[PDB]
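For reference, the structure is listed below as structure tokens.
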Amino acid sequence: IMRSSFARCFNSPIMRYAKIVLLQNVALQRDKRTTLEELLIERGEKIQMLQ
Amino acid sequence: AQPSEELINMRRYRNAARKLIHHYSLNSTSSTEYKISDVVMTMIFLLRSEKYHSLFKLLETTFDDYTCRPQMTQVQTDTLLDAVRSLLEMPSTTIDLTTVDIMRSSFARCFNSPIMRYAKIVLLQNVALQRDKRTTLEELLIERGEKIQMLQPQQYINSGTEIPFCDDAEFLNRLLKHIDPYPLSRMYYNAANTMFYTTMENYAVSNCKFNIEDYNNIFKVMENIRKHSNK
Amino acid sequence: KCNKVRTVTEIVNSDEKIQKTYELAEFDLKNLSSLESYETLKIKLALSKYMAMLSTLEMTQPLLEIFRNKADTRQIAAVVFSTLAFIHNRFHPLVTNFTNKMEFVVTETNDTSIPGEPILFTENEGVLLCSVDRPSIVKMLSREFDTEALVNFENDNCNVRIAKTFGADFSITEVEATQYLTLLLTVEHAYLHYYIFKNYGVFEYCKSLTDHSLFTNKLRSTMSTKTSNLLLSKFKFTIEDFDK
Amino acid sequence: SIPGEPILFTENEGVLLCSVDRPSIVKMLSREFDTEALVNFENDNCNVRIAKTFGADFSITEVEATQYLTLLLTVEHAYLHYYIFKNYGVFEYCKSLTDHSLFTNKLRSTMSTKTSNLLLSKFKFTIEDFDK
């Protein structure tokens, strides 16, 4: 997370005030973002399996 | 020297190449089957035993791209077939020349077009069947039925009539309990597709292309069933 | 058809009255749940019965070893016969026998092999006879192909679909048991043709074998609620790729 | 784990059951976050605020207690959905979870006519900066 923070800072050559909350992170160990619905399937299943 | 990269994940290379080969010849099961890096890894993994290098040579012959069928170096071909069985680590499950030829045709289409997006398409046909003469089903109907009528039953199995049954209901319920946990719905479809593949697996011989629409009719069997339900 | 069912209630002598409204969407869903559970149980039961009945027959050895052998002539015949009878009873529960004449032929050679329909009939050259490709049946039991279950499905919407996530000696492998369904389906397909020709002439039987297509007419007034093994009907593949 | 909600109920798996994320709970417990020394926003003080200018063992400290409010409000948010589906359909437990949002409608005529734990009327950030 911090690595990506620094990999977002110098990115700016920008000295004007920046309203930019880069909430996003790239490095989420995947090609691209899935939906949440699949996880709503996947966690729910195993949860029902659990006792 | 650094011998790592050539085989470091021998596990990856072996398991993925074997998975792929089972996908082709053994038609095993649905998967997101692809990695071109794995395709290359196939060759590199072949390049570290003679019991590989032979098959590697054969497969390289495909890079000539012509549909000719190579001469059978009978003795060496047989030893090679045994090496294939070994390197496929199957229960000697009747690995055969025909499946070998099928793999040859598989690569006869694999590298043969740089379709750099997705040829996500069955290529059912094989050029290298016993002939490209491509006679139709209808003549073989006669050719088979002749000898069929000529043959005599191996056993004359019936006299009278009987029915089998048992009624150990408790036993049946015990079985049921044992049987419960299995996701039938999924488990059966793969076998259904095995039945599907079986048609092609039969006609390696002057094959008749058409299957699809009659299969669609097999599926519309359920359509007809629904129609009967509704009159 | 969203049907926000609408309701009102009254004091007698009509002092004043109250209103409420409700939505079927829960009820229909639970109905579907119950339906599918019910029919699944039925199918499982049927399979169990079949398996046990076969189990009765004193096999010395696990099924697949039988066909891996080819010296037999009894066991294979028995198997086939049993399956046929099971199907026939599944359609005619009161019916028990076929009046003899049933005889089988093992086929062993590619030069006798026939594509598609693996089990074949000559209804009367004097009497019925049948033919079976054991080699092919082994190929169909190229068991190595099987693997753990995929869990795919399509046309999802929300937990509108997913709500089941909150809606509550042969001691031998499920997968090997599952292999049986293959022969079940095969003999079922065969029984189709057998019944057809038994009802009608040879040439239409040949036509059906040419195309399992025209059946859809004659297989009518025939399934009087006698459901058959085509529950999950999404039998389909890529089509546009046919490319003539 | 699950996104958003550290708590969930399975309303009647034969009977009610609940599941909770101790890991994420601890992550909320990572209170090295906390510090008091701050400054409130104000406005228009001469009219609005200048008037307000002129008025005035187990003996545990506060910060932890403050933290209690965290689980208080969390369990409130969970209770909302719990009550909702306990009273209503799993369709509107698909909804309320696909987004919370709309449930204001069902709360209409539903709330007990008594407020809860939502005094200070601003609770927001920059919004237009969503910069899609």
*asked:* Along the charge dipole of chain B, pointing to its positive end and built from +1/-1 on Cβ of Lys, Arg, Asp and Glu, which listed residue (B:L97, B:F171, B:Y189) has its Cα farthest out?
replied: B:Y189
*Of B:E60, B:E33, B:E201, which has the largest mean-square fluctuation in a 10 Å C-alpha GNM of chain B?*
B:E33
*Have a look at B:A191, B:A128, B:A108 and tell me which one the Gaussian network model of chain B (Cα, springs below 10 Å) gives the largest fluctuation.*
B:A191
_Debye, to nearest 20: dipole size of the protein assembly as shown, +1 on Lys, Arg Cβ, -1 on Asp, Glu Cβ_ = 1360 debye
*asked:* Students often get this wrong, so check it: of B:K147/C:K139; C:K30/C:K226; D:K27/D:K122; B:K220/C:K234, which have C-alpha atoms separated by over 20 Å?
replied: B:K147/C:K139; C:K30/C:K226; D:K27/D:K122
*Within the stretch C:139-163, whose backbone N sits under 20 Å from a point 7 Å along Cα→Cβ of B:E33?*
C:139-152
*State the Cα centre-to-centre distance between the stretch D:31-85 and the stretch A:2-51 in whole Å.*
29 Å
_Along the charge dipole of the protein assembly as shown, pointing to its positive end and built from +1/-1 on Cβ of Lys, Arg, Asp and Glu, which listed residue (D:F54, D:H77, A:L36) has its Cα farthest out?_
D:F54
_Separation of the C:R74 and A:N11 label points, Cα + 7 Å toward Cβ, nm_ = 7.8 nm
*Indicate the gyration tensor shape class of the stretch C:97-205 (rounded, prolate or oblate), computed on the Cα atoms with a ≥ b ≥ c the square roots of the eigenvalues: a/c under 1.5 is rounded; otherwise a/b larger than b/c is prolate and the rest oblate.*
prolate
*asked:* Between B:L20, B:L141, B:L88, where does the largest GNM mean-square fluctuation fall for chain B, given springs only between Cα atoms within less than 10 Å?
replied: B:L141
*Förster-model FRET efficiency, 56 Å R0, C:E204 and D:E32, C-beta, rounded to 0.05*: 0.10
*Hey, what do the phi angles of the stretch C:24-30 turn into as Karplus ³J(HN,Hα) couplings, whole Hz, using 6.51/-1.76/1.60 and θ = phi - 60°, x for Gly and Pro?*
4, 4, 6, 6, 4, 4, 4
*Simple label model, 7 Å out from Cα along Cβ direction - B:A128 to B:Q155, nm*: 4.1 nm
*asked:* Which residues does the label zone of B:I179 cover in the stretch C:54-90, counting backbone N under 14 Å from a point 7 Å along Cα→Cβ?
replied: C:54-56
_Cβ-based charge dipole, the stretch C:83-228, positive-most Cα from C:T186, C:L219, C:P118_ = C:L219
_About the Cα centre, and with charges only on the beta carbon of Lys, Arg (+1) and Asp, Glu (-1), how big is the dipole of chain D? Nearest 20 debye, please._
540 debye
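The numbers here are math on the coordinates, done by the rules we state, and not lab data. Positions of Cβ are backbone-derived with ideal geometry, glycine not excepted, and every protein chain shown enters the neighbour counts.
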